[PDB]
$ cat work-v1.cif   # mmCIF, C-alpha atoms and all ligand atoms
data_model
#
loop_
_atom_site.label_atom_id
_atom_site.label_comp_id
_atom_site.auth_asym_id
_atom_site.auth_seq_id
_atom_site.Cartn_x
_atom_site.Cartn_y
_atom_site.Cartn_z
CA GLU A 1 73.18 146.41 16.38
CA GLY A 2 76.46 148.31 16.18
CA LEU A 3 75.24 151.48 17.86
CA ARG A 4 77.13 150.88 21.11
CA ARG A 5 80.38 149.96 19.36
CA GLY A 6 79.68 152.75 16.87
CA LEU A 7 79.59 155.47 19.53
CA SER A 8 82.96 154.24 20.87
CA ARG A 9 85.18 154.88 17.86
CA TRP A 10 87.88 156.62 19.94
CA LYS A 11 88.15 153.87 22.55
CA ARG A 12 91.75 153.19 23.60
CA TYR A 13 92.99 150.47 25.96
CA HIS A 14 95.99 151.13 28.18
CA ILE A 15 97.67 147.74 28.54
CA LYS A 16 101.02 146.37 29.76
CA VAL A 17 103.38 143.97 27.99
CA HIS A 18 105.52 142.05 30.46
CA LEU A 19 108.80 141.32 28.66
CA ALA A 20 109.77 138.11 30.45
CA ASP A 21 113.46 138.29 29.49
CA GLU A 22 113.96 141.88 30.69
CA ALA A 23 111.45 141.60 33.59
CA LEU A 24 110.04 144.93 32.33
CA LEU A 25 106.41 146.13 32.02
CA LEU A 26 106.02 148.22 28.85
CA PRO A 27 102.75 150.21 28.65
CA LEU A 28 101.05 150.34 25.25
CA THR A 29 98.01 152.33 24.15
CA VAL A 30 96.01 150.08 21.80
CA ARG A 31 92.69 149.93 19.87
CA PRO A 32 90.43 146.84 19.97
CA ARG A 33 90.85 146.66 16.17
CA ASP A 34 94.65 146.35 16.53
CA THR A 35 96.22 142.98 15.78
CA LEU A 36 98.97 141.56 17.96
CA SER A 37 101.17 142.30 14.91
CA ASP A 38 100.46 146.00 15.43
CA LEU A 39 101.49 145.51 19.06
CA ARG A 40 104.67 143.76 17.93
CA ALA A 41 105.32 146.71 15.59
CA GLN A 42 104.92 149.18 18.47
CA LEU A 43 107.31 147.12 20.58
CA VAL A 44 109.86 146.96 17.75
CA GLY A 45 109.65 150.75 17.60
CA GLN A 46 110.80 150.74 21.22
CA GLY A 47 113.83 148.54 20.52
CA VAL A 48 112.34 145.29 21.83
CA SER A 49 114.08 142.37 20.12
CA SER A 50 110.91 140.72 18.81
CA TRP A 51 112.62 137.94 16.84
CA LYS A 52 111.22 134.61 18.06
CA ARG A 53 109.05 136.06 20.83
CA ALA A 54 105.35 135.28 21.25
CA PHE A 55 102.50 136.87 23.19
CA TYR A 56 100.66 134.94 25.90
CA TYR A 57 97.51 135.92 27.77
CA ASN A 58 96.25 133.92 30.76
CA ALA A 59 99.33 131.76 30.08
CA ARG A 60 98.07 130.63 26.63
CA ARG A 61 99.94 131.42 23.42
CA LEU A 62 98.38 133.98 21.08
CA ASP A 63 98.54 134.04 17.31
CA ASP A 64 99.98 137.27 15.93
CA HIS A 65 96.87 137.91 13.84
CA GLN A 66 94.37 137.84 16.68
CA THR A 67 93.02 141.27 17.53
CA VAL A 68 93.00 143.06 20.88
CA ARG A 69 89.24 142.50 20.82
CA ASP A 70 89.59 138.79 19.97
CA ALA A 71 92.15 138.38 22.75
CA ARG A 72 89.50 139.93 25.07
CA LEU A 73 91.95 142.50 26.42
CA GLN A 74 90.76 145.59 28.24
CA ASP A 75 92.05 148.57 30.17
CA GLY A 76 94.88 147.38 32.42
CA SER A 77 95.34 143.96 30.80
CA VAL A 78 98.84 142.51 31.13
CA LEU A 79 100.27 140.57 28.21
CA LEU A 80 103.30 138.30 28.49
CA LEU A 81 105.95 138.37 25.73
CA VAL A 82 108.01 135.20 25.80
CA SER A 83 111.21 134.23 24.00
CA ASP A 84 111.52 130.84 22.31
CA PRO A 85 115.12 129.51 21.90
CA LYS B 1 114.52 147.81 54.58
CA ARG B 2 111.56 146.67 52.40
CA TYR B 3 111.15 146.27 48.65
CA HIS B 4 107.82 146.77 46.89
CA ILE B 5 107.78 144.14 44.14
CA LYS B 6 105.10 142.72 41.89
CA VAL B 7 104.28 139.10 41.12
CA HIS B 8 102.74 138.50 37.72
CA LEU B 9 100.38 135.56 38.13
CA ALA B 10 100.54 134.24 34.58
CA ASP B 11 97.37 132.12 34.74
CA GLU B 12 95.16 134.79 36.35
CA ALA B 13 96.87 137.58 34.32
CA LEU B 14 97.20 139.67 37.49
CA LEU B 15 99.98 141.77 38.98
CA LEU B 16 100.06 141.27 42.77
CA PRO B 17 102.12 143.73 44.85
CA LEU B 18 104.14 142.27 47.72
CA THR B 19 106.24 143.96 50.35
CA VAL B 20 109.34 141.88 51.03
CA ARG B 21 112.64 142.08 52.83
CA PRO B 22 115.97 141.34 51.12
CA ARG B 23 116.42 138.35 53.41
CA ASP B 24 113.01 136.87 52.55
CA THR B 25 113.25 133.60 50.66
CA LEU B 26 111.09 132.94 47.64
CA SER B 27 109.52 130.39 49.95
CA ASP B 28 108.47 133.35 52.13
CA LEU B 29 106.99 135.13 49.08
CA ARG B 30 105.07 131.95 48.28
CA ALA B 31 103.57 131.87 51.78
CA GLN B 32 102.45 135.49 51.25
CA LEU B 33 100.73 134.51 48.01
CA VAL B 34 99.14 131.49 49.68
CA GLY B 35 97.78 133.76 52.40
CA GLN B 36 96.08 135.72 49.59
CA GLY B 37 94.42 132.64 48.12
CA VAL B 38 96.87 132.08 45.25
CA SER B 39 96.86 128.41 44.31
CA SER B 40 100.62 127.96 44.45
CA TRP B 41 100.97 124.17 44.28
CA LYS B 42 103.40 123.34 41.44
CA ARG B 43 103.90 126.97 40.44
CA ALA B 44 107.45 128.30 40.24
CA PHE B 45 108.95 131.79 40.23
CA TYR B 46 110.80 133.16 37.20
CA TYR B 47 112.93 136.29 36.90
CA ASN B 48 114.48 137.30 33.60
CA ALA B 49 112.78 134.12 32.33
CA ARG B 50 115.06 131.89 34.45
CA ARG B 51 113.40 129.52 36.91
CA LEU B 52 114.20 130.46 40.50
CA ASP B 53 114.94 128.19 43.47
CA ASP B 54 112.55 128.63 46.40
CA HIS B 55 115.54 128.73 48.82
CA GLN B 56 116.98 131.83 47.11
CA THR B 57 116.54 135.12 48.92
CA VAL B 58 115.14 138.32 47.47
CA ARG B 59 118.65 139.78 47.83
CA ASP B 60 120.44 136.93 46.06
CA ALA B 61 117.85 136.87 43.28
CA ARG B 62 118.93 140.50 42.83
CA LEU B 63 115.44 141.91 43.29
CA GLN B 64 114.93 145.57 44.11
CA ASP B 65 112.12 148.04 44.54
CA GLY B 66 109.64 147.53 41.70
CA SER B 67 111.00 144.16 40.50
CA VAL B 68 108.42 142.07 38.61
CA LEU B 69 108.53 138.32 39.27
CA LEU B 70 106.63 135.78 37.19
CA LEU B 71 104.67 132.90 38.71
CA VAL B 72 104.09 130.05 36.26
CA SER B 73 102.35 126.69 36.63
CA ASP B 74 104.37 123.55 35.98
CA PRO B 75 104.04 121.00 33.10
CL CL C 101 112.63 137.77 58.85
#
$ encode --input "work-v1.cif" --output "structure tokens" --more "lines below"
Ligand SMILES: [Cl-]
Amino acid sequence: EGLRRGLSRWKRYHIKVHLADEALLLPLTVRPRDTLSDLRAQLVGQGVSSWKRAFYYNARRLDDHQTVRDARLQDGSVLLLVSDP
Amino acid sequence: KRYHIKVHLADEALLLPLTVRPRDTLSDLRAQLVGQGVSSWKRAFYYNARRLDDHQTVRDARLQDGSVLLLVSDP
């Protein structure tokens, strides 16, 4: 049932957010429960100007309330953070 | 002199290292990606989210060691 996922409560993904505008790769440690909003909040804590920027994975736009699990991210996954004028 | 850059293939979500010379054109980088099986037809390079011209050199695009380019498929 949920035994497997139960025994992995402390699972952390080490991912990368490619900030397109800065051509920078920011590493984030994230939980599969985290929403992209949590990721945005982490990035804001690093001074990333998040206003009017969206996440893309496999070149498709992600809704801010998807989770790291729903986005099917894993260790090493690279997200793209894209400005919209 | 060689730079070690990365190309972020947006569709595949992969980060491909390339070794390039400052005088390499982006057309040369494309041929490297094609040699690695990257389906490059109608994909363009972006840096700082500005579309790049294939005739531009690594040097003139102001790339350096560790620069991350972005390869994006066209409309
Ligand atoms: Cl040459």
$ interface_residues --input "work-v1.cif" --of "chain B" --to "chain A" --cutoff "12 Å" --atoms "only C-alpha atoms" --output "ChimeraX atom specification"
/B:5-16,45-51,62-64,66-74
$ atom_distance --input "work-v1.cif" --atom1 "atom CA of residue B:61" --atom2 "atom CA of residue B:32"
17.4 Å
$ atom_distance --input "work-v1.cif" --atom1 "atom CA of residue A:29" --atom2 "atom CA of residue A:3"
23.6 Å
$ residues_near_ligand --input "work-v1.cif" --ligand "ligand CL 101 (chain C)" --cutoff "8 Å" --atoms "only C-alpha atoms and all ligand atoms" --output "JSON, numbers by chain"
{"B": [21, 23, 24]}
$ atom_distance --input "work-v1.cif" --atom1 "atom CA of residue A:53" --atom2 "atom CA of residue A:40"
9.3 Å
$ residues_near_point --input "work-v1.cif" --point "(100.3, 139.7, 16.3)" --cutoff "12 Å" --atoms "only C-alpha atoms" --output "MDAnalysis selection string"
chainID A and resid 33:43 50 53:56 61:68 70:71 79 81
$ residues_around --input "work-v1.cif" --residues "residue A:14" --least-positions-apart "2" --cutoff "8 Å" --atoms "all atoms listed in the file" --output "VMD selection string"
chain A and resid 12 16 27 to 30 74 to 77
$ closest_residue --input "work-v1.cif" --among "B:31, B:20, B:4, B:25" --to "residue B:57" --atoms "only C-alpha atoms"
B:25
$ build_atoms --input "work-v1.cif" --residues "stretch 7-22 of chain B" --atoms "N, CA, C and O atoms" --output "PDB file, in the coordinates of the input"
ATOM      1  N   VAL B   7     104.301 140.462  41.629  1.00  0.00           N
ATOM      2  CA  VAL B   7     104.280 139.100  41.120  1.00  0.00           C
ATOM      3  C   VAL B   7     103.231 139.043  40.033  1.00  0.00           C
ATOM      4  O   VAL B   7     102.055 139.353  40.268  1.00  0.00           O
ATOM      5  N   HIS B   8     103.652 138.667  38.843  1.00  0.00           N
ATOM      6  CA  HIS B   8     102.740 138.500  37.720  1.00  0.00           C
ATOM      7  C   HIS B   8     102.246 137.061  37.748  1.00  0.00           C
ATOM      8  O   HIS B   8     102.997 136.129  37.435  1.00  0.00           O
ATOM      9  N   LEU B   9     101.001 136.872  38.172  1.00  0.00           N
ATOM     10  CA  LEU B   9     100.380 135.560  38.130  1.00  0.00           C
ATOM     11  C   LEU B   9      99.980 135.320  36.690  1.00  0.00           C
ATOM     12  O   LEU B   9      99.022 135.925  36.201  1.00  0.00           O
ATOM     13  N   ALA B  10     100.736 134.463  36.007  1.00  0.00           N
ATOM     14  CA  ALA B  10     100.540 134.240  34.580  1.00  0.00           C
ATOM     15  C   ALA B  10      99.151 133.692  34.258  1.00  0.00           C
ATOM     16  O   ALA B  10      98.514 134.121  33.288  1.00  0.00           O
ATOM     17  N   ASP B  11      98.660 132.736  35.049  1.00  0.00           N
ATOM     18  CA  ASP B  11      97.370 132.120  34.740  1.00  0.00           C
ATOM     19  C   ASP B  11      96.218 133.108  34.932  1.00  0.00           C
ATOM     20  O   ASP B  11      95.353 133.254  34.057  1.00  0.00           O
ATOM     21  N   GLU B  12      96.203 133.813  36.063  1.00  0.00           N
ATOM     22  CA  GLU B  12      95.160 134.790  36.350  1.00  0.00           C
ATOM     23  C   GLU B  12      95.342 136.103  35.601  1.00  0.00           C
ATOM     24  O   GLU B  12      94.404 136.906  35.568  1.00  0.00           O
ATOM     25  N   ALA B  13      96.518 136.330  35.012  1.00  0.00           N
ATOM     26  CA  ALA B  13      96.870 137.580  34.320  1.00  0.00           C
ATOM     27  C   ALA B  13      96.773 138.788  35.256  1.00  0.00           C
ATOM     28  O   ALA B  13      96.338 139.868  34.861  1.00  0.00           O
ATOM     29  N   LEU B  14      97.241 138.624  36.485  1.00  0.00           N
ATOM     30  CA  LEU B  14      97.200 139.670  37.490  1.00  0.00           C
ATOM     31  C   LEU B  14      98.596 140.000  37.980  1.00  0.00           C
ATOM     32  O   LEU B  14      99.508 139.167  37.943  1.00  0.00           O
ATOM     33  N   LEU B  15      98.716 141.189  38.546  1.00  0.00           N
ATOM     34  CA  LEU B  15      99.980 141.770  38.980  1.00  0.00           C
ATOM     35  C   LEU B  15      99.857 142.081  40.470  1.00  0.00           C
ATOM     36  O   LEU B  15      99.353 143.144  40.834  1.00  0.00           O
ATOM     37  N   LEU B  16     100.295 141.156  41.330  1.00  0.00           N
ATOM     38  CA  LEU B  16     100.060 141.270  42.770  1.00  0.00           C
ATOM     39  C   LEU B  16     101.232 141.957  43.454  1.00  0.00           C
ATOM     40  O   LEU B  16     102.333 141.393  43.464  1.00  0.00           O
ATOM     41  N   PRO B  17     101.041 143.128  44.065  1.00  0.00           N
ATOM     42  CA  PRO B  17     102.120 143.730  44.850  1.00  0.00           C
ATOM     43  C   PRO B  17     102.393 142.965  46.143  1.00  0.00           C
ATOM     44  O   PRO B  17     101.474 142.522  46.840  1.00  0.00           O
ATOM     45  N   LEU B  18     103.679 142.787  46.443  1.00  0.00           N
ATOM     46  CA  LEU B  18     104.140 142.270  47.720  1.00  0.00           C
ATOM     47  C   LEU B  18     105.173 143.202  48.311  1.00  0.00           C
ATOM     48  O   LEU B  18     105.972 143.794  47.586  1.00  0.00           O
ATOM     49  N   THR B  19     105.163 143.323  49.626  1.00  0.00           N
ATOM     50  CA  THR B  19     106.240 143.960  50.350  1.00  0.00           C
ATOM     51  C   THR B  19     107.113 142.860  50.929  1.00  0.00           C
ATOM     52  O   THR B  19     106.604 141.917  51.539  1.00  0.00           O
ATOM     53  N   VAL B  20     108.414 142.946  50.680  1.00  0.00           N
ATOM     54  CA  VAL B  20     109.340 141.880  51.030  1.00  0.00           C
ATOM     55  C   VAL B  20     110.597 142.507  51.607  1.00  0.00           C
ATOM     56  O   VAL B  20     110.891 143.677  51.376  1.00  0.00           O
ATOM     57  N   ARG B  21     111.316 141.731  52.353  1.00  0.00           N
ATOM     58  CA  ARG B  21     112.640 142.080  52.830  1.00  0.00           C
ATOM     59  C   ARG B  21     113.697 141.377  52.005  1.00  0.00           C
ATOM     60  O   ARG B  21     113.467 140.276  51.513  1.00  0.00           O
ATOM     61  N   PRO B  22     114.872 141.993  51.856  1.00  0.00           N
ATOM     62  CA  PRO B  22     115.970 141.340  51.120  1.00  0.00           C
ATOM     63  C   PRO B  22     116.275 139.933  51.607  1.00  0.00           C
ATOM     64  O   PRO B  22     116.625 139.061  50.804  1.00  0.00           O
TER      65      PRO B  22
END
